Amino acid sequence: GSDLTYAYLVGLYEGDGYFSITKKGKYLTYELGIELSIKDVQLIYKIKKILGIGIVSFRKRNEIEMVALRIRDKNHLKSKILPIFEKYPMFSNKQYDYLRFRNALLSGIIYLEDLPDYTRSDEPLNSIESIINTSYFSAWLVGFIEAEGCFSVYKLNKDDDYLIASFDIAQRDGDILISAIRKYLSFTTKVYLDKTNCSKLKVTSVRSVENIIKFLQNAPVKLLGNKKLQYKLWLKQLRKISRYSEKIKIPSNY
């Protein structure tokens, strides 16, 4: 059906974007937005070119620059956004934000006084299996990696030249989801639950690095923005490292 770039998009908003109902006087603002580092300006404009709606804005705070796509137009939200987020639903508890967003929108809530206090539910709404078997998962995951994933290379010591390549990704209150990603990519290193309940999956072995590379070659869509640049950089360094390059067919035209 309707292209898997939309699924990518739901993965990306799930990671870096937000569903918001903010108050303005007696009235409400309905917003689907995404604010990124300036180095992702081209991505914001790709999103805008795909969705065909929303307003680009820039802003400087202290000395850092940011870009935002904001979709506040209720009719554009109803006709374009909900259908997307209905065809390819979000996988984590962020799904609860959307559910309440669409409900308040479609049933005409417009007065700050009609809009109940809300607290994101933490009632699990998925198992590893149900996520893993969803047909759009891999499209969604590329969007999610775009938003939340990190590709880095560093020294195992300081007084040495030995290098580590890692892929890593995290979510607060996202044990199931992060575990699902673990399973799907068949990583084996255990998930780190930190003191803030933030689940952290980090990976380094030749086999795991190979699996992520294979996954991104096989995925129905690519990284579009800055995460592409980083992945390409990572690959650049991967070729100069004995143990990875010699056991992996590193692609040259991702």
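One rule holds for the numbers: they count along the sequence shown, beginning at 1.
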Stretch with higher mean Cα temperature factor, 110-118 vs 140-148, is 110-118
Quick note on 153-161 and 177-185: per-entry mean CA temperature factor is higher in 153-161
Assert third(CA B-factor, residue 9) within chain per record equals lowest
So, residue 47's CA B-factor, relative to its chain, sits in which third? The lowest
Split the chain's modelled residues into thirds by Cα B-factor; residue 172 lands in the middle
Of the three thirds of the chain ranked by Cα temperature factor, residue 200 occupies the lowest
Split the chain's modelled residues into thirds by Cα B-factor; residue 221 lands in the middle
